[PDB]
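# Survey of secondary and tertiary structure
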Amino acid sequence: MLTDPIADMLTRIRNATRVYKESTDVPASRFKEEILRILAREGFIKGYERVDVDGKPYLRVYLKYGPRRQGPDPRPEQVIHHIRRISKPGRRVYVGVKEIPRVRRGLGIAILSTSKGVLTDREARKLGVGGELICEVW
Amino acid sequence: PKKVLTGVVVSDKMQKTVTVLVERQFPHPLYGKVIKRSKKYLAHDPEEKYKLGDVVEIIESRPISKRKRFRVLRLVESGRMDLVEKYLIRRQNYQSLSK
Amino acid sequence: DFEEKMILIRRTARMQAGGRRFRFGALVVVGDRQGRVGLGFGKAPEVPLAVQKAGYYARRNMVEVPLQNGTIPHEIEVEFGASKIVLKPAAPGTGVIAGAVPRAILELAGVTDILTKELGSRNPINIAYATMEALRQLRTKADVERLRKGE
Amino acid sequence: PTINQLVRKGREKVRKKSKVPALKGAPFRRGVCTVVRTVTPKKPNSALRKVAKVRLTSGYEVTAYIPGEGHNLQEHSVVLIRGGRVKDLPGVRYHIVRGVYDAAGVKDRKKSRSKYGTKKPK
Amino acid sequence: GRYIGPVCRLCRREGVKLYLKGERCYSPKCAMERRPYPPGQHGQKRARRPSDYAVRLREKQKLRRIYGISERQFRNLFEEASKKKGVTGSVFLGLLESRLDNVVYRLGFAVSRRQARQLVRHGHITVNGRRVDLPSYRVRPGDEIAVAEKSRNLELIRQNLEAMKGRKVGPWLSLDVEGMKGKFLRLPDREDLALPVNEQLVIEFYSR
RNA sequence: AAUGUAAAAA
RNA sequence: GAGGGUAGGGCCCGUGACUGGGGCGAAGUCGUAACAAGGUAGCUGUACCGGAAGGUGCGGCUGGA
RNA sequence: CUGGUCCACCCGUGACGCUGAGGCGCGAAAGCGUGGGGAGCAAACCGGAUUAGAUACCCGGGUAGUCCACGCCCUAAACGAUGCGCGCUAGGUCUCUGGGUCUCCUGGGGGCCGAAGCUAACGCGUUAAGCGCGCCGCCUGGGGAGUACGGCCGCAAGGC
RNA sequence: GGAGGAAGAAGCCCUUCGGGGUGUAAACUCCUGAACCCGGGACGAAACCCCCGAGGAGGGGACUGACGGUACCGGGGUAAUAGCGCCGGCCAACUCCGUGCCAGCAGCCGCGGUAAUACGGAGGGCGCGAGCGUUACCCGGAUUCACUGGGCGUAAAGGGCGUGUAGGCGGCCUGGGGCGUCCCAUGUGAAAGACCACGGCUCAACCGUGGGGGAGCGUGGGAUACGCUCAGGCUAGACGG
RNA sequence: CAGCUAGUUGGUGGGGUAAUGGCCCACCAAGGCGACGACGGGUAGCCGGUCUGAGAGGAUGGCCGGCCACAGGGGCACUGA
Ligand SMILES: [Mg+2]
Ligand SMILES: [Mg+2]
Ligand SMILES: [Mg+2]
Ligand SMILES: [Mg+2]
Ligand SMILES: [Mg+2]
Ligand SMILES: [Mg+2]
Ligand SMILES: [Mg+2]
Ligand SMILES: [Mg+2]
Ligand SMILES: [Mg+2]
Ligand SMILES: [Mg+2]
Ligand SMILES: [Mg+2]
Ligand SMILES: [Mg+2]
Ligand SMILES: [Mg+2]
Ligand SMILES: [Mg+2]
Ligand SMILES: [Mg+2]
Ligand SMILES: [Mg+2]
Ligand SMILES: [Mg+2]
Ligand SMILES: [Mg+2]
Ligand SMILES: [Mg+2]
Ligand SMILES: [Mg+2]
Ligand SMILES: [Mg+2]
Ligand SMILES: [Mg+2]
Ligand SMILES: [Mg+2]
Ligand SMILES: [Mg+2]
Ligand SMILES: [Mg+2]
Ligand SMILES: [Mg+2]
Ligand SMILES: [Mg+2]
Ligand SMILES: [Mg+2]
Ligand SMILES: [Mg+2]
Ligand SMILES: [Mg+2]
Ligand SMILES: [Mg+2]
Ligand SMILES: [Mg+2]
Ligand SMILES: [Mg+2]
Ligand SMILES: [Mg+2]
Ligand SMILES: [Mg+2]
Ligand SMILES: [Mg+2]
Ligand SMILES: [Mg+2]
Ligand SMILES: [Mg+2]
Ligand SMILES: [Mg+2]
Ligand SMILES: [Mg+2]
Ligand SMILES: [Mg+2]
Ligand SMILES: [Mg+2]
Ligand SMILES: [Mg+2]
Ligand SMILES: [Mg+2]
Ligand SMILES: [Mg+2]
Ligand SMILES: [Mg+2]
Ligand SMILES: [Mg+2]
Ligand SMILES: [Mg+2]
Ligand SMILES: [Mg+2]
Ligand SMILES: [Mg+2]
Ligand SMILES: [Mg+2]
Ligand SMILES: [Mg+2]
Ligand SMILES: [Mg+2]
Ligand SMILES: [Mg+2]
Ligand SMILES: [Mg+2]
Ligand SMILES: [Mg+2]
Ligand SMILES: [Mg+2]
Ligand SMILES: [Mg+2]
Ligand SMILES: [Mg+2]
Ligand SMILES: [Mg+2]
Ligand SMILES: [Mg+2]
Ligand SMILES: [Mg+2]
Ligand SMILES: [Mg+2]
Ligand SMILES: [Mg+2]
Ligand SMILES: [Mg+2]
Ligand SMILES: [Mg+2]
Ligand SMILES: [Mg+2]
Ligand SMILES: [Mg+2]
Ligand SMILES: [Mg+2]
Ligand SMILES: [Mg+2]
Ligand SMILES: [Mg+2]
Ligand SMILES: [Mg+2]
Ligand SMILES: [Mg+2]
Ligand SMILES: [Mg+2]
Ligand SMILES: [Mg+2]
Ligand SMILES: [Mg+2]
Ligand SMILES: [Mg+2]
Ligand SMILES: [Mg+2]
Ligand SMILES: [Mg+2]
Ligand SMILES: [Mg+2]
Ligand SMILES: [Mg+2]
Ligand SMILES: [Mg+2]
Ligand SMILES: [Mg+2]
Ligand SMILES: [Mg+2]
Ligand SMILES: [Mg+2]
Ligand SMILES: [Mg+2]
Ligand SMILES: [Mg+2]
Ligand SMILES: [Mg+2]
Ligand SMILES: [Mg+2]
Ligand SMILES: [Mg+2]
Ligand SMILES: [Mg+2]
Ligand SMILES: [Mg+2]
Ligand SMILES: [Mg+2]
Ligand SMILES: [Mg+2]
Ligand SMILES: [Mg+2]
Ligand SMILES: [Mg+2]
Ligand SMILES: [Mg+2]
Ligand SMILES: [Mg+2]
Ligand SMILES: [Mg+2]
Ligand SMILES: [Mg+2]
Ligand SMILES: [Mg+2]
Ligand SMILES: [Mg+2]
Ligand SMILES: [Mg+2]
Ligand SMILES: [Mg+2]
Ligand SMILES: [Mg+2]
Ligand SMILES: [Mg+2]
Ligand SMILES: [Mg+2]
Ligand SMILES: [Mg+2]
Ligand SMILES: [Mg+2]
Ligand SMILES: [Mg+2]
Ligand SMILES: [Mg+2]
Ligand SMILES: [Mg+2]
Ligand SMILES: [Mg+2]
Ligand SMILES: [Mg+2]
Ligand SMILES: [Mg+2]
Ligand SMILES: [Mg+2]
Ligand SMILES: [Mg+2]
Ligand SMILES: [Mg+2]
Ligand SMILES: [Mg+2]
Ligand SMILES: [Mg+2]
Ligand SMILES: [Mg+2]
Ligand SMILES: [Mg+2]
Ligand SMILES: [Mg+2]
Ligand SMILES: [Mg+2]
Ligand SMILES: [Mg+2]
Ligand SMILES: [Mg+2]
Ligand SMILES: [Mg+2]
Ligand SMILES: [Mg+2]
Ligand SMILES: [Mg+2]
Ligand SMILES: [Mg+2]
Ligand SMILES: [Mg+2]
Ligand SMILES: [Mg+2]
Ligand SMILES: [Mg+2]
Ligand SMILES: [Mg+2]
Ligand SMILES: [Mg+2]
Ligand SMILES: [Mg+2]
Ligand SMILES: [Mg+2]
Ligand SMILES: [Mg+2]
Ligand SMILES: [Mg+2]
Ligand SMILES: [Mg+2]
Ligand SMILES: [Mg+2]
Ligand SMILES: [Mg+2]
Ligand SMILES: [Mg+2]
Ligand SMILES: [Mg+2]
Ligand SMILES: [Mg+2]
Ligand SMILES: [Mg+2]
Ligand SMILES: [Mg+2]
Ligand SMILES: [Mg+2]
Ligand SMILES: [Mg+2]
Ligand SMILES: [Mg+2]
Ligand SMILES: [Mg+2]
Ligand SMILES: [Mg+2]
Ligand SMILES: [Mg+2]
Ligand SMILES: [Mg+2]
Ligand SMILES: [Mg+2]
Ligand SMILES: [Mg+2]
Ligand SMILES: [Mg+2]
Ligand SMILES: [Mg+2]
Ligand SMILES: [Mg+2]
Ligand SMILES: [Mg+2]
Ligand SMILES: [Mg+2]
Ligand SMILES: [Mg+2]
Ligand SMILES: [Mg+2]
Ligand SMILES: [Mg+2]
Ligand SMILES: [Mg+2]
Ligand SMILES: [Mg+2]
Ligand SMILES: [Mg+2]
Ligand SMILES: [Mg+2]
Ligand SMILES: [Mg+2]
Ligand SMILES: [Mg+2]
Ligand SMILES: [Mg+2]
Ligand SMILES: [Mg+2]
Ligand SMILES: [Mg+2]
Ligand SMILES: [Mg+2]
Ligand SMILES: [Mg+2]
Ligand SMILES: [Mg+2]
Ligand SMILES: [Mg+2]
Ligand SMILES: [Mg+2]
Ligand SMILES: [Mg+2]
Ligand SMILES: [Mg+2]
Ligand SMILES: [Mg+2]
Ligand SMILES: [Mg+2]
Ligand SMILES: [Mg+2]
Ligand SMILES: [Mg+2]
Ligand SMILES: [Mg+2]
Ligand SMILES: [Mg+2]
Ligand SMILES: [Mg+2]
Ligand SMILES: [Mg+2]
Ligand SMILES: [Mg+2]
Ligand SMILES: [Mg+2]
Ligand SMILES: [Mg+2]
Ligand SMILES: [Mg+2]
Ligand SMILES: [Mg+2]
Ligand SMILES: [Mg+2]
Ligand SMILES: [Mg+2]
Ligand SMILES: [Mg+2]
Ligand SMILES: [Mg+2]
Ligand SMILES: [Mg+2]
Ligand SMILES: [Mg+2]
Ligand SMILES: [Mg+2]
Ligand SMILES: [Mg+2]
Ligand SMILES: [Mg+2]
Ligand SMILES: [Mg+2]
Ligand SMILES: [Mg+2]
Ligand SMILES: [Mg+2]
Ligand SMILES: [Mg+2]
Ligand SMILES: [Mg+2]
Ligand SMILES: [Zn+2]
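How each quantity is defined
- Residues numbered from 1 in each chain as written, not as in the entry; some residues may be left out.
- Chains lettered and ligands numbered in written order.
- Part of a larger assembly, values for the part shown.
- Heavy atoms only, no water.
- UniProt positions renumbered as here; feature names shortened; annotations may be inferred.
- Helix = DSSP H or I, 4+ residues; strand = E, 2+ residues; numbered from the N terminus.
- Pairing = 2+ DSSP bridges.
- Axes fitted to C-alpha atoms, helices over the stretch in contact; angles between N-to-C directions.
- Contact = heavy atoms within 4.5 Å.
- Buried area = accessible area lost by both parts, 1.4 Å probe.
- Salt bridge = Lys/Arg side-chain N within 4 Å of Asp/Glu carboxyl O.
- Polar contact = N/O pair within 3.5 Å; in protein donor to acceptor, adjacent residues only side chain to side chain.
- Nonpolar A, V, L, I, M, F, W, Y, C, P; charged D, E, K, R; others polar.
- Near = heavy atom within 4 Å.
- Buried < 20%, exposed > 50% of the residue type's maximum accessible area, 1.4 Å probe, protein only.

Regarding how it was determined, this PDB entry cites X-ray crystallography in its header, along with a resolution of 3.000 Å.

### Points about the UniProt feature "zinc finger region: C4-type" in chain E
Sites flagged by UniProt as "zinc finger region: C4-type" map to residues 8-30 of chain E. Structurally, residues 8-30 of chain E comprises 35% helix and 0% strand, and the distance from its first C-alpha atom to its last is 7 Å.

### A look at the sheet that holds strand β2 (residues 17-25) of chain B
Residue and element names in this part refer to chain B. Reading around the circumference, β1-β2-β3-β5-β4 is the order of the five strands in this closed barrel, with mixed pairing throughout. Across the sheet, the mean angle from the axis of one strand to that of its neighbour is 45°, orientation sign disregarded. Where strand β1 (residues 4-11) lies against strand β4 (residues 55-60), five bridges are found, and the strand directions are antiparallel. Paired with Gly7 across the two strands is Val56, which belongs to β4. Sitting on the sheet, helix α1 (residues 81-94) is in contact with β1, β2 and β3 (36-44), with an inclination near 60° to β1.

### Some words on the arrangement of the chains
Once contacts are tallied for each of the five pairs of chains in contact, the highest total is for chains A and C. In this structure chain B stays clear of chain E, and the shortest span between their C-alpha atoms is 31 Å. At the C-alpha level, the nearest point of chain D lies 20 Å from chain E, with no contact between them.

### Things to note about the interface of chain E and chain C
Listed per partner, the contact involves nine residues of chain E and eleven residues of chain C. Where chain E abuts chain C, roughly 690 Å² becomes buried across the two surfaces, and 44% of that area is made up of carbon and sulfur atoms. Taken together, chain E and chain C are joined by two salt bridges. Its salt-bridge partner being E:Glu204, residue C:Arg103 comes within 3.1 Å of it at the nearest N-O pair. On the surface where chain E and chain C come into contact, there are one residue pair in polar contact. The set of elements that each furnish at least two residues to the side of chain E that touches chain C consists of α3 (52-67), α5 (88-98) and α10 (199-205) of chain E. Top element by residues in the side of chain E that touches chain C is α10(E). It accounts for three residues. Taken together, the residues of the side of chain E that touches chain C break down into two nonpolar, four polar and three charged.

### Examining the protein's contact with RNA strand G
All residues adjacent to RNA strand G are D:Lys42, D:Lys43 and D:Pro44. For RNA strand G, a phosphate oxygen lies 3.2 Å from a polar atom in the backbone of D:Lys43.

### Examining the UniProt feature "binding site: Zn(2+)" in chain E
Residues and elements named next belong to chain E. Here, UniProt's "binding site: Zn(2+)" annotation points to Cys8, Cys11, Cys25 and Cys30. These annotated residues cover 23 residues of sequence, and their C-alpha atoms all fall within 9.2 Å of one another, placing them together at a single site. Each residue touching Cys11, except ones within four places of it in the same chain, is listed here: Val16, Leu18, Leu20, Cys25, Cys30 and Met32. Along the chain, the position of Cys30 falls in the loop between α2 (23-26) and α3. Overall, the relative accessible area of 1% leaves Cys30 in the buried class.

### Overview of the interface of chain A and chain C
Each partner contributes to the interface: chain A provides 15 residues, whereas chain C provides twelve residues. Taken together, the two surfaces of chain A and chain C that pack against each other cover about 1,100 Å², and 54% of this comes from carbon and sulfur. Counting the surface chain A buries against chain C, the share from its top three residues, A:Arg104, A:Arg105 and A:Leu107, is 48%. For the salt bridge of A:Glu77 with C:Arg139, the shortest nitrogen-to-oxygen distance reads 2.9 Å. Seen at the junction of chain A and chain C, the total is four residue pairs in polar contact.

Here's what the structure looks like:
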């Protein structure tokens, strides 16, 4: 039945990055888009694009990574080190603009839904709106 | 203002009177989650025009009786047993609690 | 050549017919009080030899640390299996406020303002290892945009 | 647990409990000595301690330690109770107070007289 | 009351010169000069590795004996600076240095902070004219501190001011030995002060 | 093919 | 109608000959069940039984080979 | 007579889903009731032997029970000591079962070794103890104790 | 009390019997002058009241101070109370004698059974000082009830197993409503208090004035992405042939 | 502590009151409340605030200010805005 399509997507990306895939797909959905769109615009992913598995709308999400490392375990540093859903289905989180979180002292982002649209933490303050704190990413 | 609420008549087994059940959601004071609670008000129906299942607005009002301090404002929709069931099954399962 | 400071020198032991002999733990930190830092844990049947040995390992394993006026860039939480440690940025005049271990680290790190706490376990050793990693995961604004670029 | 489980059952409060029924949780309680006696210590030590069973204002009847060297308590000494157990002695949750009522101070103590009710030597 | 009991025994406990004496501490014996090691029966014995506490402790105890001031008062001031916006560490010093009895010393009116206290206390000093016998009096920037009338002609005041010729002092201060007065020009920058101590270590001490 | 109390580790 | 009186129940506390087990106690009597195939692998639900640990039966588990 | 489950076709419904306090049903063995049955085995019980003793291990004997019907009891190392549902995250090999022209593939099951990762370690690892969300159950120092009081259930033993 | 004040009195403790310590500490020297003393001596009090102006507006006049001869100012003026906790580890502070599982200590770990930095006294030291310690209780540490911020194979913890009521949670597309939610506007959120600034009493505590924000609820307006909700469509879930 | 309830829930009319009201009364109808914790027991005046705490939280209500309650225990009404 799949509980939270969002947490899923976020997770799909986390599970994929760790193994360094080039792109994991995800079941398509308008609201899901924005998350990517922003997530990409800020520089967390090379990009995304609609696709189709055996007659099912999905989304390719081309992952970004750091350069190779020297020494034991040439594991390439991540571009997404951290990603986590805040407002869950079993606990909706809502914040006023006068109280929106600063992810990793500004290094990080905090995407969130709002009456004006899905916006970054900063863009939230920009247009001065609060909303459902979706998740943060750094 | 005379704050108005909205709920379904769950009882009409009374003269010129009806019982109205209304829920109200809200964020929990410590864990956020949008819990919901309800309450029964006794509404003054002078015509006995509002039967069971009717969803209705009811207004804060002059005392009518010990518990009647709300009048029936207007109809909202008729067929609504689905709700009446909820509250009635609730009463049911009480049988299966005592000892 | 840098600075030198040991966190502890414990005497471990081992059984063997007829008695017990002991090696000697010795954890030491070393730094220039200016970004370059390195931790070391030496062992040997001699206290001096042990600290000496920790000295060699210290300068071996090292780590540059992005210092913003004596504080750390962003806050980070790092759990070394057992224990866990928090690290927070603070304005000048705050001082290094932490358990004796992470102090040695951050002090010889050249850090001078920082809020911190040891949650979870607290074994000096593991908290040591933990902090090193934590700093080793600090990233300057550049590092960020530099990775988040990929031009 | 889930959040919801919390929203139901919820978090049980610690609720601690006392170590001294000096009653009214007062700072001290008066009483009369019922019996002045000397008792052997516990598991790892030994040395007959100076103790007395006191009847409380609070209708009780507790055993209490007489600190210091030598004392003057007898089967009718009124005295002040202080509370503080003793690792060495089985069930003894109170100290007597030297230097109040019929309980003298420690004779000739020069160091830390405050804890042994002893006046300042000239 | 202040520390009354022996002074030159602390010059000796901290191991750093403590200038809470007169001519003597500059003489060839701050007491410390003849014995560079702690008081008591031991003093010259194999010194032990100090606990982080011991170290942090010494530092604060050092800084306090310097200004010669009640622990209570000392702490409160620390807190007072912790409140206000500003580099807590240095600011603390600023409040310390801002005390009247301090000013008087810095300004050469007296040879000793302790002595200076007795001068303020016995009312020989005056701020902006109205006499002030309060050592703790926080001298704000722009106050004219000087010697009072019946006071001006006193031996001690004389000799001190006499010897106060030339010898420049404190960028945040300005003397006038002619008229026996000076000015708290401004609040002293950290650098102006040159204490043998370290504010940070004290900051730390007060986390415990 | 039973059992050996009770004061030893900077 | 305060309150008194009468009768009958409910909860809670204190107290009681004696009695059940429990905790603690540098040393006692009995044996040695367990910890190594602990010298019959142990452990377990249960049932009988025996000064005491226990034993045995049925099944079950390896935290046994 | 009947329950579950798996595979092929992509034909029908159209979010009808997931979890689940209480409730209800099932629930090894031993045990209880009434009636039956009884070969072998075997608590208790007796005799032999061993031993300081031996109510035990070993041997000879031996009743309830073990078997059936109907009813009751409801506990366990009821153990993978791991609640269920869904999505995601390298492969290697063994085996049970289905579909496909097939040294191969595709599904559902049972095992071992292992990516990444998790773990206090042992270890786990697409049958997760990894990464995530939903829902329930449970924990919060050792002893006293699964004891006591109360309540409920039970013929009883006794259970919750 | 302030400055000076010996290669450093006596006394006392330690010692490898040379010496080391208390220690600039004292004495002593000069200076200053709490207390005490004499003279002065408040603010807090202008109004009600009376005169003119009408008895009003406005102007004008006078009476009353409990604290108190106190605060404070002026002059004179004597070197003028120091105590308590601790010094095994946490925990800053070490030696000596006495003692001998005794006398005793104790917050945790533990310490004392002839040689104790752990008992008790001494010398010395660390900490604070008109205080210092103790007992009692609250919050802290305790992310040890965990919302922030924990867990459950073996450490304490998955229910014996299933069916299922209530509740909780709910896939993809579009539309209306706008409950939740976000925004703005206004009402309210007394004073006192908290924080900031500046002023008053010699400082300070205490006090005055001014400033700011505040969760929360009431009214109005607005946004509609996520949640909800009515409505419409789909087939990836689930079910069915 | 798991069920509670006869002025009990509602109505009609009536008393009473500054006034609404089972507040009290006559008749009528059978209702009202409860796992979202009724009914029962134990405790307690409540807030502005105070204390601690990184905070979220916890604890707490002395003095000052606000409201409530009482005036040896209990009941009653009289005068009156
Ligand atoms: Mg790659
Ligand atoms: Mg960009
Ligand atoms: Mg009707
Ligand atoms: Mg709200
Ligand atoms: Mg009952
Ligand atoms: Mg160098
Ligand atoms: Mg260098
Ligand atoms: Mg060195
Ligand atoms: Mg290594
Ligand atoms: Mg080497
Ligand atoms: Mg670099
Ligand atoms: Mg760097
Ligand atoms: Mg962990
Ligand atoms: Mg520990
Ligand atoms: Mg430990
Ligand atoms: Mg780096
Ligand atoms: Mg770098
Ligand atoms: Mg004994
Ligand atoms: Mg005696
Ligand atoms: Mg006697
Ligand atoms: Mg005497
Ligand atoms: Mg003592
Ligand atoms: Mg601060
Ligand atoms: Mg502050
Ligand atoms: Mg700052
Ligand atoms: Mg500051
Ligand atoms: Mg100058
Ligand atoms: Mg603090
Ligand atoms: Mg024996
Ligand atoms: Mg024996
Ligand atoms: Mg033994
Ligand atoms: Mg009566
Ligand atoms: Mg009666
Ligand atoms: Mg009576
Ligand atoms: Mg009769
Ligand atoms: Mg009775
Ligand atoms: Mg009784
Ligand atoms: Mg008994
Ligand atoms: Mg028993
Ligand atoms: Mg017994
Ligand atoms: Mg008994
Ligand atoms: Mg027992
Ligand atoms: Mg015994
Ligand atoms: Mg005997
Ligand atoms: Mg025995
Ligand atoms: Mg024996
Ligand atoms: Mg045995
Ligand atoms: Mg045997
Ligand atoms: Mg065995
Ligand atoms: Mg058995
Ligand atoms: Mg017998
Ligand atoms: Mg068996
Ligand atoms: Mg089985
Ligand atoms: Mg085993
Ligand atoms: Mg074998
Ligand atoms: Mg079949
Ligand atoms: Mg067809
Ligand atoms: Mg269709
Ligand atoms: Mg739906
Ligand atoms: Mg059964
Ligand atoms: Mg059977
Ligand atoms: Mg039987
Ligand atoms: Mg039978
Ligand atoms: Mg029978
Ligand atoms: Mg019969
Ligand atoms: Mg039979
Ligand atoms: Mg037979
Ligand atoms: Mg046989
Ligand atoms: Mg037998
Ligand atoms: Mg036999
Ligand atoms: Mg014989
Ligand atoms: Mg025999
Ligand atoms: Mg046999
Ligand atoms: Mg048969
Ligand atoms: Mg048959
Ligand atoms: Mg039959
Ligand atoms: Mg379950
Ligand atoms: Mg199912
Ligand atoms: Mg096949
Ligand atoms: Mg094919
Ligand atoms: Mg083919
Ligand atoms: Mg096919
Ligand atoms: Mg073939
Ligand atoms: Mg093959
Ligand atoms: Mg293949
Ligand atoms: Mg196959
Ligand atoms: Mg398989
Ligand atoms: Mg397979
Ligand atoms: Mg494996
Ligand atoms: Mg690996
Ligand atoms: Mg799979
Ligand atoms: Mg899969
Ligand atoms: Mg596999
Ligand atoms: Mg799975
Ligand atoms: Mg795991
Ligand atoms: Mg695990
Ligand atoms: Mg417990
Ligand atoms: Mg306990
Ligand atoms: Mg317990
Ligand atoms: Mg138990
Ligand atoms: Mg227990
Ligand atoms: Mg049992
Ligand atoms: Mg029982
Ligand atoms: Mg009971
Ligand atoms: Mg009882
Ligand atoms: Mg019972
Ligand atoms: Mg019965
Ligand atoms: Mg029977
Ligand atoms: Mg059970
Ligand atoms: Mg002097
Ligand atoms: Mg000397
Ligand atoms: Mg000498
Ligand atoms: Mg002279
Ligand atoms: Mg003179
Ligand atoms: Mg006097
Ligand atoms: Mg006058
Ligand atoms: Mg006047
Ligand atoms: Mg006046
Ligand atoms: Mg006047
Ligand atoms: Mg008059
Ligand atoms: Mg006139
Ligand atoms: Mg006139
Ligand atoms: Mg006039
Ligand atoms: Mg006038
Ligand atoms: Mg006038
Ligand atoms: Mg007077
Ligand atoms: Mg006077
Ligand atoms: Mg006079
Ligand atoms: Mg006069
Ligand atoms: Mg006078
Ligand atoms: Mg006077
Ligand atoms: Mg005058
Ligand atoms: Mg005067
Ligand atoms: Mg004078
Ligand atoms: Mg004198
Ligand atoms: Mg003198
Ligand atoms: Mg102390
Ligand atoms: Mg301390
Ligand atoms: Mg020390
Ligand atoms: Mg003796
Ligand atoms: Mg002797
Ligand atoms: Mg000795
Ligand atoms: Mg000894
Ligand atoms: Mg001690
Ligand atoms: Mg001692
Ligand atoms: Mg002394
Ligand atoms: Mg004072
Ligand atoms: Mg606490
Ligand atoms: Mg606590
Ligand atoms: Mg807490
Ligand atoms: Mg835990
Ligand atoms: Mg789990
Ligand atoms: Mg327990
Ligand atoms: Mg289940
Ligand atoms: Mg179940
Ligand atoms: Mg179990
Ligand atoms: Mg059960
Ligand atoms: Mg189910
Ligand atoms: Mg449902
Ligand atoms: Mg939805
Ligand atoms: Mg729903
Ligand atoms: Mg929906
Ligand atoms: Mg919609
Ligand atoms: Mg609406
Ligand atoms: Mg607003
Ligand atoms: Mg407020
Ligand atoms: Mg407002
Ligand atoms: Mg306002
Ligand atoms: Mg206010
Ligand atoms: Mg506060
Ligand atoms: Mg102003
Ligand atoms: Mg001022
Ligand atoms: Mg004055
Ligand atoms: Mg104000
Ligand atoms: Mg204000
Ligand atoms: Mg506020
Ligand atoms: Mg506001
Ligand atoms: Mg609201
Ligand atoms: Mg819409
Ligand atoms: Mg429809
Ligand atoms: Mg639909
Ligand atoms: Mg399908
Ligand atoms: Mg009736
Ligand atoms: Mg009426
Ligand atoms: Mg009236
Ligand atoms: Mg009534
Ligand atoms: Mg009526
Ligand atoms: Mg009636
Ligand atoms: Mg109640
Ligand atoms: Mg309270
Ligand atoms: Mg408030
Ligand atoms: Mg409050
Ligand atoms: Mg509050
Ligand atoms: Mg605070
Ligand atoms: Mg609070
Ligand atoms: Mg708390
Ligand atoms: Mg009050
Ligand atoms: Mg109170
Ligand atoms: Mg009072
Ligand atoms: Mg009063
Ligand atoms: Mg009072
Ligand atoms: Mg009040
Ligand atoms: Mg009100
Ligand atoms: Mg009364
Ligand atoms: Mg009365
Ligand atoms: Mg009275
Ligand atoms: Mg009366
Ligand atoms: Zn000196």
